[PDB]
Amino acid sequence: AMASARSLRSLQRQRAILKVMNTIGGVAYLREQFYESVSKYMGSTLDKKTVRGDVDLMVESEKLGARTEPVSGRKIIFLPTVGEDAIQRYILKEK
């Protein structure tokens, strides 16, 4: 039985993920650097399970796109409208 405050915190974390994704250019590997950015945006990653949960909620509701980058095996998340050029540029840059 989820208390309303907890649900509100989930929404706050989703807003943070969204704002950070816009700020960092709309494409990110799901890894420590990203979670650290979300933590710093919110004012401060010993947990991370909690934020990952909300990333997952966002992927499932299609607020974020997600896919495995096959060469590295890392998971990429992206703003759905960012464009494949940007995604590939990011993959190339972080190669």
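Numbers for residues come from their place in the sequence shown, where the first is 1.
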## Note on the structure
For the neighbouring pair residue 33 and residue 34, the stretch of deposited sequence with no coordinates amounts to none
## Note on the structure
Looking only at C-alpha temperature factors in the entry, 74 to 82 or 9 to 17, the higher average sits in 74 to 82
### Task
Quick one: say whether 22 to 30 or 63 to 71 has the higher mean Cα B-factor in the deposited entry.
63 to 71
### Query
If you rank the chain by CA B-factor, which third does residue 46 end up in: lowest, middle or highest?
highest
